[PDB]
Structures are given as structure tokens and as C-alpha cells.
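Now the structure itself:
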């Protein structure tokens, strides 16, 4: 417990060296008081969401709404001492957020409790601390009992915690409310009237004479206007308010395209000396919601192009981070967004700061539910006692923000149709108006949706509430946008939520069918914009509804950014864990609808040709072009494919917009696919080109290239850098369907904060060093530490080339000065006897996140370096500074023949890859075409092993492969017809005579009124034990599935499960790859068990309902075969043809130390009866080679490792 670092700053950070322990074996007692022994607990930096670190639990009580991530009860502790500089002055402990039902103790005594989860709270700490210099013990209990939210919320102290140190006479917690009343009339005279109301708290023992000097500082730091009030008495232990009026000449208005802000420094002066200073940043802006003309900031009309964000930050969970929030706000700004509607909870301070800096409006929303709770442990349980406090808290914190434009009171609240609902809405609006009368109140109501076609007749109480609030928001109720305006001309309307469409990144299924709330077998959603929820609409529908009406202030499309939890279409699928709504996935990679909204809402020209170009030959593919230009023509491999265009239309009041004759806002073709390059050139009205975009067919995966958004970051310990790892083709084209496992290694002055790929149906933990790519991309987040320097990230995919990227970390002081931070390294890969190339200029990065190419002088490269296979470094010098450049060259290629092996059946050639992997003795894994020798059927028939020769095209050497044989030959088809046989004679444990078992393979299903053909074990007595069906074949062929068609009636019910077993002539065994879908009634089914020796296949059934019987109509099995054999474990292992010293079956690794500089050794291995063995000879000086063995048909396996090494030089 190190003492708090205090340097006179008013607010002291408090995130350092906390402790944590989550309850797992019941309540842990004694954790409240200082006497607890917490030396065994884990240490962590405070902004911390403990739920994201846990792995996904299928049985979590937060089922499919919290994302299957557990919360629970967690304990925090911190031991600290207060320096002697802080003695004798007021100290308060400020939390920006603890998720729910928090109870904080200090020195063993209860300090308070704050049920709400998204609001800051504070406690007065000065009296409780120990002034003896001994150690204090702050303890925070967090009780996030599970079913407490409709979306992933996180758990624990997920926002910053501060200490506020101030003189006994100080500005109050939020004791400053600077406003600019009547700005619209004033600005015409080029003058803003500023009114400042500051509240001074006097916690001293006696009244004192208090004076205030308030000065307005410009954006650049030069004084604008300073005013000093008149001294007035300040009674002890009370808040005494002041008030001042000033002016600003030629004020710089805060605006979306120019977010200027001022800075007010309030100095409290007692006895002719400053005693306390307070800083609040405000802005000079005025907005209006007109019932006919819509929203308008200052004098300019504009639409509220908005998105409905959540607080979850994706890979790093609910834990707040300034850079991550700013990054997602920058992406949303890049989409053309004007406003953010913080969904169903107040905003974090970082979000408001990012909105104020970037220039985005904000709509703060206080509650998701009033006293009528939506989940058992939701906040409605606490609403009656804490609603006033929480709404006042939100309005007080946010009153000074220029970004905020409205206060929302609720969203889809079930008791809004009752008299108590009107009463509590009136209460809430009154409480909001008690602090901030300069912004309208708002409510989000969905019950007006009705049939979604005609103007719903509004409920009486809903009308009352709509009359109480200043602005009315309509969720998914586009059918009332103009009806309610006509019926109620005084209402100001906007779309609080619209177009709840679903979409996965890079998924293009069902191109021409528009579905509603449909699940799919792959647990994905179509990115063609043909998928949306039942109550929602396609993005185009909502945008067209909003665009046509002047009086609609705008809309806020749903979810903006994907978030964890609420995979609506998949209401109970387990792998489905994250939303599909967002226009940008969880990792921050835009989907196609991102570019649709870019075309619709932005002004500058562009074009996006969405579907990737990796399809099968000759199949027509629907290609769309989300563009705002008036013309587009496709040029497939140089041949123009035709030109499509818009019509320059206009709305009723004269707002230009572009649309086709059909009424579609996007251009569309239907092209037959052929590999190559597909290019779209966007041409304006006169034909001038104004934008371009292309999609080119990708090749086989080649490497893993890393891109870093910000190459220079601060060394403040929290600045993040986001690294885009995407599998690429040899030409540098992202493979559109790659899903390889990327392994990240981060070393230097930083650490891996998290990884993600944006997949909504993956249960890969976010806090790990590896992540599967999804649609050819994956994300890695690295956060800097307190030490300046460099962060080096290394990514590697098995069978692919690696890549390394550098992130330079500089001190905060240097970030404001233009000095060199570092020079990026160069990575090159060449073949043997290939001279590597060195660029004439390379990029040098300064401390101000800027800078570009600079001249360099490279040192000589000798022929010896690249004339042989190996790895070496090349160094140079840049002309700008003394720092040494560096280039890494990898020289690898044809060294030795590559080994391969396979197994197959008798008379069937093995499944040999038509693209051989050229894994020479260097570590490189290039791929190339191979023409295998025609394997005679005579050799396949003969038992044993044989070698085959593979002719690789364009290589200096030829490949080889080994083979194994089994059973008998077969054709591709399953079966045409059986003339007659004893095989189809089925058997079962029990079969009613009237329900002959043979019907299950007769082929005629009897779902409908057609003649009954079924098996049924019906009896007069219960048969809850179950029954099994048996089939037999004499074949020697492949199997891939087990079909099940079920029969049901008053007596017979569907099986609870279908366990499948196989008979090999000796005993029964379990099959692999069952994959039994979920239960059903009168529906078809299939189990996907893999090919297995199935002399007899028997699967057992049990009733789904006790006291009810079992029945079936058809079950399909096809073939049979025999196992390879009872092969034993490894037999021999040798290195360089010599026995490996230290080898032992009871040792994990075998170490060999050759003389320094010796050639890498070669490895050979074998197993009993030629059991399959994976052989990987060593290729690199460091590391250790590994081998694996496969035997028999069960779990028998073993790993053999050979630690090649050498002695000292």
C-alpha cells in the first residue's frame, strides 16, 4: 500500500494497485475490515470489467441477453496512506461507476451504497481516514446478481476512480452552471451573453468572507474576459450561490463541423489569496426543435443523422478507455453521423468528452425501466427511492456539456399506459426541469407501432405522456410519422430507434430473398440488407421514411456499433453471443451498410462495390454499388459491364437527393462471375470521374500482414493502439473467407489488451493471445505502459508467413512537441541467390503522430548474405536523424524434398492435394501445383505401404508421398437401387406388430394423410427405459449422415436424444460427430456422424416425455467398413540417421547440443505397423521441434519433442 502521489492537483487519480477476488465457493467473510489478509489476491489496475475475462458459459443465468458472461459478486480492496501534504483539507472519494448494488466500506465501517450502475457517486472521506499515518483500507463490494440486464453490462469498477482534494472553502461538486441565455437574438449583434452561476460550499468551522474571480479563456489559452464579483459572507456548513454576467465579442460557436469550446477558470478568493480553482469547459451554441421545420443548430437546418450506441467497447469489455471511445466516435463520424443516443443509461465521461471534441450531439437516457422492472434484478427494483437522485445526478453532471441536446426519461417502459405512468412521467420531467431548463426532455415509446402499416390510434395515457414531454420519440413506428403530426400539430417528433436490421460482416447468403427474424444453420446474417427483425425495417425503408418528411427531426438507427449480448434472431442458440445490428462490428471493421449510410448521409463523392469476388465459375452474383454519384459502370477485367444511374429528385420542400426510377437508393447489377478484377468508376452528371473502388479475386492464403491505425501512442499507461491482422493473398489481397488461427506475441513497453474478430457466433475468449480470423480479418489491441519506448507485435499463422509491426510509445510531454519518435523496420522475403531490395526513402514518425518519408543511405549488402538460404539483418542510416534504420531479409527456398503421406481404400486413389505445400528444409511453406503419378489399382489392392512420386510444376525437385490401403473400391454415388438382399432386414429391442420395423427403411415417409408406415414401441405399460433401432450392411464404403424422420401421436412422442454406436465385429463403440439438432415436432432431422466401420449401426432412443412412447417413420443408413487395425505406439526415432541420445517414451522433450555453427539436423520417425506419425524436422536455430503419433481408432496418441540446440560459441 504505497502512499498516494500528490503534487497539488485538485483531482488525484486512484486506479493504481488495487486487489480483486470474485466469489466462487460462496460468501467470503471478513473482507470488509482492515484485518483481512489479501496477500493471495490478484493485483490489477482499477478500470476493470471482470466479466469479459471469464470464458463463455452455456448455462449462465444471463442467458443470451448478457452474452453468456457471468457477473456475480466481486470484492475490491486497496491499502493506502495519505501523505502529509493532504492533511487538514477536504478529501472525497469519487467513483465514475460501479455496476450495481455496490457497498463501499472504509476502515471497517459502511461508507454508503449506490444501487444504480451508470451514474457517478461520491463520498466524503476526510473524517474517516487515519491521520496517524497508518494504512487505510478502502473496500468496495459489487453485487451483480445475474439476470439484471437486457444487454451485456460488465461488472465491477469499470470507470475511473478519483480523489478530490480541496480547501475547506471550495466550489461545490457540480457548483458551476455557465449558460448563454437568449443567444439567438444576441448573435445577430455579434455578441454572446454569458451567465455564470457558481455554488461555493463552506465546510469550515466558521463563516468567512468569500469572493470569486471568473475568467473565460479562449480555445488557444488567451484571456477573453475576466470578471470579479462582490464579496459576500459564506455561512459555515452550507452552499452559498453566486451569479455573474459577462460577454464574449465575436464568439466562436460550437458546431458539428467546427467544435470550438471555451474554458472558464473559477478562483475562490478568501483574504486576498486564491484558495481554490475550478475549470469547466462550455460552448456557445443554441438549438431549436420546431414542430414544422425540424432540428436546426444555430441558424442552420440539419437532420439528426444518428446511431444508438451502447457502452460496451468490444474486446476490452465495459471498462472505459478514452482512446477506444474516441476511435468508435471517429468511425461513426466518418459514417456521416451527427448525433449519438446513449442507449438506456447515462454516458461515461470519456464519451461526452469525445462528443465535445469530435462534434457530435448527445441524447442522454436515464432509465431503461421505471418501477416496473424488465428483469428480476434490474434497476426497477430500486426505482422508487433512487429515481430522483439518479435523474438529478445525470442532469447535473451533463448540464454544462455543449454536445448534449436532450434528456431522455425512458425507453419502452411497460407502465406508460397507466395513470401511475403519467404521474411518474410528470414527476421525472419536473425533477429534470429543476436543474436544466435549457434542453428539452424526451421519451422513447414503442407501443404506437400497432400493425406497422396504418396510423395507430394512440392510447390515452400515452397521449398524456407525449404531451408532458417536450419532444416525442417513436420506436419502430414509422407509420405514425406524419399522421401524428397532422393530428397533433404541436408535437415535435423524431425516430428514437429505427431499422433494426441484422447483418454479419462479409456474409452474403440469400441474395434475393428478404426474410424476417429467420435463423440460419451457420448462425450468421446476410450482409445484402435482406435480413431484419419482424418489428424492424430495412435500413433503406427507415431512411426513406425519415428523408421525405421535413418535420421529422431525424432518426437514430439501431445499435450503431455491434455489442455483446442480444442476438435477437438467435434467441436461444448458444454460440450466438453478440448482436448483429451494428453497422460496424465489435472489432470496429465496417460492414457494407456502413458504406450505404456513408453514401446517404455524407456529401463528398465515393463508391463501394460490396460483394467479394471469390465465387464459383459461371454462377450469377448480385453486386450492389453504395454510391452517391449519379452514374456507375462496372469494368470487369477491362470490359465495361454497363452503366447505371440515379435520378436527381427533390423532396416536397426542395431538398435534392438521388434515387433510381425503381425507387432504390443503390445501383445494382447481376453479373456472371469469372475470376479477375471488378472495378467501379463513379462518374458525375457530366461524366467526370470523382471516385473509384474495386474488388479483385483473392488467391490462396499467403501471409498475415499487420496494420496499425496509430503508429505513435502516449506513454500514459492507458493509450491503446488497434492492430488489424488480416490473412492476405500473395498479391496483398485479403482472402474473403479465411478463418485461420492467428497467434499474437507482443513484447516491449506494452501488453496485449485484447483480441477480437467481430464474429457474433464465436465463443473464443476475448482475453487471449490468439484469435481466429473472420472474413479475412482479426483485431489485436495493445496498450502502452508508463515507460517510453517501443512496442513490437508479432503475428503468426500455421503454414503462413508471419509479420511484425512496431508501435512507438512516447511520453505525454513529448506528444506536444515535434521530435522523432522512431523509424519503422523493413521486412523482406526473397529466394536463394536473390538480392534484397532496399527502399530509397522510409517513413520516420515524430512524437506528434505525424510525419512521412525521409531520405536514407543503405549500407552495402554482400553476395554471401543472400546467396544461401538463411536469415540476416540489413542496417542503414536516415538523413534526418542519427537513429539507425534496419531491414530484415528472409532468404529461403528449394533446399530438400518435402515429405508427405496419406491413406485410402483399395482401388481408390488417395485424396492428394492438387496444390502441394513446398515445406523445404527452411521453414517456408509456399504452395504450388503438383501432378501425381497415376497410382495403379494393383498397388492399392496389395496390403502394406508404398511410395508415389509427385511432379511439382516449375520446381527443381519432385515430391513424394506414402499411402495406406483398406477394404474395397467404390464409386462416387451412394446407391442407385438394391435388387434384393438380406442387409435391409432391420432389428430392434421392441416393435409392435401393427407398426412393422421394416417401414423405417422402406423410403415412403408418412407425415401426411398418406398410408401409415412407421415403427412404434407402443404398449399398455410405460417404456421410459427406451428402445434402439439396428441396421446392417455388408458394404465397404463411406458414410456421412444419419437421417431421422419422427412419428408422433397421442401415445408416441419424439425421442429425447439419439445416441449412436457402431459394431466392428467384436464390440459396440461410440461414433463421432453426432451433431443432433434441437428437439422438434413433425419435422425432419439429420445427424452428421462421420464415416465409421458400421457392420451394424445401432442408435438408442428415450422418450422426450415420461409416460409416453416412441415412434419413427424413416431412418437412413447406407454403408459399412472396417477399421485400419490395432496399431501400437511409436517404434523408432532417429536424428541424422543416428539414435537420439536422451530419447525416452517417459520424457516430454529430448535435447541435443551440437557444436556451435553446425548444420540443422534431419529427423526420421516410424511407428508400429506403419501407424501414422507426423514428422517435422527442425528448421530454426532457436526453438524445439515436435512430433505426434496417431494409432488405432480411439484416444491413443503421444507427442515426441526434440529440442535441437547447440553449445556456446
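Residue numbers (the entry's author numbering): 36 to 1244. Each residue gets a CB set at the ideal place from its N, CA and C atoms; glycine is no exception.
Three-state secondary structure assigned by DSSP to residue i
| i | result |
| --- | --- |
| residue 418 | helix |
| residue 380 | coil |
| residue 685 | strand |
| residue 912 | strand |
| residue 448 | coil |
| residue 391 | helix |
| residue 1173 | strand |
| residue 1025 | coil |
| residue 831 | strand |
| residue 550 | strand |
| residue 879 | strand |
| residue 16 | With the chain covering 36 to 1244 only, the question about residue 16 has no answer from this structure. |
| residue 636 | helix |
| residue 1154 | coil |
| residue 898 | helix |
| residue 1059 | coil |
| residue 317 | coil |
| residue 502 | helix |
Sub-8 Å separation of residue i and residue j beta-carbons
| i | j | result |
| --- | --- | --- |
| residue 603 | residue 793 | no |
| residue 733 | residue 770 | yes |
| residue 774 | residue 807 | yes |
| residue 1071 | residue 1096 | no |
| residue 449 | residue 513 | no |
| residue 739 | residue 831 | yes |
| residue 377 | residue 386 | yes |
| residue 201 | residue 233 | no |
| residue 574 | residue 592 | yes |
| residue 1221 | residue 1211 | yes |
| residue 1003 | residue 940 | yes |
| residue 561 | residue 538 | yes |
| residue 1024 | residue 1051 | no |
| residue 987 | residue 965 | yes |
Element boundaries [beta strand (DSSP E), containing residue i]
| i | result |
| --- | --- |
| residue 529 | 528–533 |
| residue 520 | First-last for residue 520: 518–522, but that is the alpha helix (DSSP H), not the beta strand (DSSP E). |
| residue 580 | Taken as a continuous stretch (DSSP letters only), residue 580 belongs to no beta strand (DSSP E), being part of the alpha helix (DSSP H) at 574–582. |
| residue 838 | 838–845 |
| residue 888 | 888–893 |
| residue 55 | 53–57 |
| residue 1199 | 1198–1202 |
| residue 343 | 339–343 |
For residue i, the first and last residue of its enclosing alpha helix (DSSP H)
| i | result |
| --- | --- |
| residue 801 | Element bounds for residue 801: n/a, residue is neither H nor E. |
| residue 218 | 218–222 |
| residue 369 | 357–369 |
Check: residue i C-beta below 7 Å from any heavy atom of the ligand ZN
| i | result |
| --- | --- |
| residue 857 | You won't find the ligand ZN in this model; it holds no ligand whatsoever. |
Practice task
Please confirm if the stretch 803–819 is in contact with the stretch 769–786, defined as three or more CB-CB distances below 8 Å between the two stretches.
Solution key: These segments touch.
Practice task
Flag this pair as touching only if the stretch 209–221 and the stretch 317–335 have three or more C-beta atom pairs under 8 Å; answer yes or no.
Solution key: Segment contact: the stretch 209–221 against the stretch 317–335, three or more CB-CB distances shorter than 8 Å; contact assigned.
Exercise for the section: Check whether the stretch 390–407 touches the stretch 851–867, taking contact to mean three or more Cβ pairs, one atom from each stretch, closer than 8 Å. Expected result: No: fewer than three Cβ pairs fall under 8 Å.
Problem - Meets three-Cβ-pair contact criterion under 8 Å: the stretch 191–199 and the stretch 116–132 - result: Verdict: yes, contact present.
Practice task
For the stretch 436–494, list the beta strand (DSSP E) runs that are entirely contained and at least 3 residues long, ordered along the chain.
Solution key: Within the stretch 436–494, the complete beta strand (DSSP E) runs of at least 3 residues are 439–446 and 476–480.
Exercise for the section: Pair every Cβ in the stretch 417–435 with every Cβ in the stretch 334–343, then say whether three or more of these pairs are closer than 8 Å. Expected result: No: the two stretches stay apart, fewer than three of their Cβ pairs being nearer than 8 Å.
Problem - Whole alpha helix (DSSP H) elements within the stretch 717–768, 4-residue minimum - result: None, since the stretch 717–768 contains no complete alpha helix (DSSP H) of that length.
Problem - 4 or more residues per run - each alpha helix (DSSP H) lying fully within the stretch 904–977 - result: Within the stretch 904–977, the complete alpha helix (DSSP H) runs of at least 4 residues are 972–976.
Handout entry: the stretch 82–96 contacting the stretch 145–160, beta-carbon criterion three pairs below 8 Å
Key = At 8 Å Cβ cutoff, the stretches do not touch.
Practice task
Ignoring anything shorter than 4 residues or poking outside the stretch 47–104, list the alpha helix (DSSP H) runs there in chain order.
Solution key: Listed in chain order, the complete alpha helix (DSSP H) runs (minimum 4 residues) inside the stretch 47–104 are 85–88.
Practice task
Could you tell me whether the stretch 165–173 touches the stretch 95–102, using the rule of 3 or more Cβ pairs below 8 Å?
Solution key: Flag = no, the stretch 165–173 and the stretch 95–102 do not touch.
Practice task
Indicate whether the contact test is met: 3 or more Cβ pairs, each with one atom in the stretch 935–954 and one in the stretch 860–877, closer than 8 Å.
Solution key: At 8 Å Cβ cutoff, the stretches do not touch.
Problem - the stretch 629–640 contacting the stretch 711–727, beta-carbon criterion three pairs below 8 Å - result: Taking a contact to require three or more Cβ pairs closer than 8 Å, the stretch 629–640 and the stretch 711–727 qualify as touching.
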